[PDB]
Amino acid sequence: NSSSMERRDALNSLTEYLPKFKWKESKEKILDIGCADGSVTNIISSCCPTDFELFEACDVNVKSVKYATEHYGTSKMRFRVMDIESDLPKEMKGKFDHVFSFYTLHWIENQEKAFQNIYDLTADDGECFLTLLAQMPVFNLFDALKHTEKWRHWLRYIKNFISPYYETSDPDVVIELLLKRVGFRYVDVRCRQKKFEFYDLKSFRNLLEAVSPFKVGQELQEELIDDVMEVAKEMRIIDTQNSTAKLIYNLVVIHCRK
């Protein structure tokens, strides 16, 4: 049960960029996109040194984690189902003085739609702290499997999807241009090379199971991921000699103000 690289990266990013924030005197509305487990939302709320007396909202499209997280998430802190790739409910447009979106490790289908939504969700002189992935072998891994002779045919009706910044040159320059085009007055964007080691293949497979973008079925799931694991060996993401997997990935860190 390792969601660790999401947590570790969320926590290291928040702490590092906390002392670079500015808070309004009172009545602050804070939103966290792709909350999943409140482990991140709970440390965010403790770590944020300001008054949101009874206002910390957050969301996810998987309502299974949502309810478990909602069940553990107390009052003074409202949890709800929402995709940021869906058209905005104006109910909460210009609502939030601070919005967080730490990378969810699900491939995002539309980004400029999400950035505009983040821009609309933010109040007048609102602050945004987002992180997302510019390189991630997991994506390279599943994509390659979608292109094996065995699967290429049966997965042809699924969308690979394209990112205007993912595995491009100077993705920080691309995202900075896009966010100002959307109309953010302050924008600070940086690339951060990271590393996460799995010291057994069981831990790696369990991530790949959770992350798998392919639906398949209880019958074939076992087999599908056996092939992803064999692809991971060819790619040298898995060390066959030591039975380890090391992920080296790039992380774009966004600090912008309305």
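Numbering starts at 1 and runs along the sequence shown.
Remark: stretch with higher mean C-alpha B factor among 213-221 and 197-205 is 213-221. Here 63-71 and 186-194 are compared by their mean Cα B-factor, and 63-71 comes out higher. Set against one another, the Cα B-factors of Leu132, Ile175, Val81, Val99 in the record reach their highest point at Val81.
For the set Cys128, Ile158, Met136, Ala144, the maximum C-alpha B-factor listed in the entry falls on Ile158. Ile44: CA B factor in the lowest third of modelled residues in this chain (values from the PDB entry). Compared with the other modelled residues of the chain, the Cα B-factor recorded for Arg236 ranks in the lowest third. For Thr104, the recorded CA temperature factor ranks within the middle third of the chain's modelled residues. In the deposited entry, the Cα temperature factor of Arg7 sits in the bottom third of values across the chain's modelled residues. Among the modelled residues of its chain, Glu230 has a C-alpha B-factor that falls in the middle third, as given in the PDB entry.
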